[PDB]
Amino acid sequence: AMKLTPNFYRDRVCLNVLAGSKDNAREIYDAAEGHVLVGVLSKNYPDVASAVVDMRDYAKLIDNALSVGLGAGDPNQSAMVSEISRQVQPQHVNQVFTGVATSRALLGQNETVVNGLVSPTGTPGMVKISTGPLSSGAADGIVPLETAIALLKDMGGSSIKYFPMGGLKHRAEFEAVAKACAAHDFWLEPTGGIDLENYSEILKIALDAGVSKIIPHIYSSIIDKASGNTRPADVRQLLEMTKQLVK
């Protein structure tokens, strides 16, 4: 009735794409047959109260399939995202490593999916966890994937948001992230450089590894720069490539 979990296609994959407008949010939700989380960014609002009002309105248009975003990769939006999420109660929240537990605490329930941003390092098996407001300005803090997953679980997280993935430029690092998420019972949100031409290959890496639930994020490659909207036809194409792989 007010659903707090995402609509995974055959309990495996849910798309995450950005809305350019309220009408675009509705377009996107229809194009994905509901198997999507529609991103709205906190950086687009000057203050928490302003964002709560507007994001509730978005959420109501799409049966709560909202993903609260940071925006422009800015970790300084973390606190705002946590406070917005408390009142909005969306299906999905994007956080930096140091904001996951705060968002989980302010949500007050375990149903909403809360990701935690960790980054490639150039060394398969090791990820950067120093992705918060001050920690992003410090020397890198880099830990094994197993350990990043356990840290995120201990902090109320649901998934790794692996960013910037670099499309297929760093295949070995991405393979290791998928292997670790499968081995340690955690979900994965691949983000950065995904487009219509590499989507199937990227998704299949995570499916083949045995990751239980996967939320690919597809931003700039499917956004019409003239309007700022995510293109419905591209959403339909992503859905069909997903159905072809998840069977």
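The first residue of the shown sequence is 1; numbering continues from there.
Stretches 86-94 and 119-127 differ in mean C-alpha B factor, with the higher average recorded for 119-127. For the pair 99-107 and 159-167, the mean Cα B-factor is higher in 159-167. Looking only at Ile223, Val17, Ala25, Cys14, the residue with the top Cα B factor in the deposited structure is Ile223. In this structure the maximum Cα B-factor among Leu203, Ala32, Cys181, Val38 is found at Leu203.
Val114: CA B factor in the lowest third of modelled residues in this chain (values from the PDB entry). When the CA B factors of the chain's modelled residues are split into thirds, the value for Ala79 lands in the middle one. Split the chain's modelled residues into thirds by C-alpha temperature factor. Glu189 is in the lowest one.
Sort the modelled residues of the chain by CA B factor and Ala209 lands in the highest third. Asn198: CA B factor in the highest third of modelled residues in this chain (values from the PDB entry).
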